[PDB]
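Engineer: here is the input, now give the coordinates:
(one chain, ligands or ions: 2)
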Amino acid sequence: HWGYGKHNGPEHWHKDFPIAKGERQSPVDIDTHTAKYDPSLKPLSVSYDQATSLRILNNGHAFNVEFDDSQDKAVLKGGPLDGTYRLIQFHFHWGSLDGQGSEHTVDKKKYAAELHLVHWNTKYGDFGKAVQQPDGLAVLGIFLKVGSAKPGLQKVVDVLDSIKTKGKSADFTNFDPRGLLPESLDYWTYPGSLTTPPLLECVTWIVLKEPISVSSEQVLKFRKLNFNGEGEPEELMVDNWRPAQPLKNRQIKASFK
Ligand SMILES: CN(C)c1nnc(CS(N)(=O)=O)s1
Ligand SMILES: [Zn+2]
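Structural biologist: Numbers count the residues shown, from 1 in each chain. Ligands and ions are numbered 1, 2, ... in the order given. The protein structure is shown below:
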């Protein structure tokens, strides 16, 4: 099935998922000189105080930290969003070397990694119904650069040993996603898609301008994860990022002047 290797990677996805060549695909290059400040944007409200993490799963592509979304506990609202969007999970994309790993790029600049916090529109009742709607999802994207350690990430880093291979999960309750955010909520926004198959075009993308810094040893531990399942030959989980896709006359708006 789909992956990130020569034979099952981004160049192959369109065959099972035709939308791969659609009109609102993600990620994209953010050309800072073409993006326009949008005064009609409301302030962004990230409300992760009551967040109820459940567990962490190696899904054979990345790792997912999952949340209880049966109530309005951790929500994204404001900005380009109408209504309330519930946090369902987060995951990362990263590279084999520090000069690559992010999905979105900024004036062609690739970061070492990128964090995605995934939310669904509560008017649709559940995630599965939301992914049938043009405004069903919102994903908050955050760039990672190598420098000082990120304290709020270490609990995640700590547990990676326990989920080395595809299909492994560990209890991951009481994790606070507020520790993964940069200081500024300045962002670019555009309408886009999931960056993995099924590549559904139901996402409002909100990409933060300010990267977080993570340590060399923190990213190294990401790169020790496996794509393969237990007892299979070792394929290091690295370079699990889709490259930038055609903007196609979409408008990237900036929240900042
Ligand atoms: C079912 N969910 C929560 C997801 N499906 N594909 C995902 C990857 S991405 N890059 O957030 O679109 S996240
Ligand atoms: Zn993602």
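Engineer: pretty sure residue 245 sits against residue 23.
Structural biologist: No: counting by C-beta atoms under 8 Å, residue 23 is not a contact partner of residue 245; they are 10.4 Å apart. C-beta here means a position set from N, CA and C on the backbone, and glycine is covered the same way.
Engineer: of the two, which one has the most company?
Structural biologist: Between residue 245 and residue 23, residue 245 has the larger neighbour count (other C-beta atoms under 10 Å), namely 21 against 12.
Engineer: SS state for the residue lying closest to that one once chain neighbours are set aside?
Structural biologist: Using C-beta to C-beta, 6 or more residues apart in numbering and skipping residues adjacent in sequence, the residue nearest residue 245 is residue 25, 4.1 Å away. Using DSSP: H, G, I helix; E, B strand; the rest coil, the structure places residue 25 in coil.
Engineer: check contacts around residue 25.
Structural biologist: Going by C-beta atoms under 8 Å, 6 or more residues apart in numbering, residue 25 touches 19, 192-193, 199, 201, 245-246, 248.
Engineer: with residue 85 instead?
Structural biologist: By C-beta under 8 Å, 6+ apart, the neighbours of residue 85 are 75-77, 119-122, 137-138.
Engineer: highest neighbour count among these?
Structural biologist: The residue in the contacts of residue 85 with the most neighbours, by other C-beta under 10 Å, is residue 119 (30 neighbours).
Engineer: where does it land in three-state SS?
Structural biologist: What three-state DSSP gives for residue 119 is strand.
Engineer: so what's it up against?
Structural biologist: Residue 119 neighbours (C-beta under 8 Å, 6+ apart): 75-76, 85-88, 137-140.
Engineer: hang on, the earlier thing: identify the farthest-apart pair in the contacts of residue 25.
Structural biologist: 199 and 248 (14.3 Å; C-beta to C-beta).
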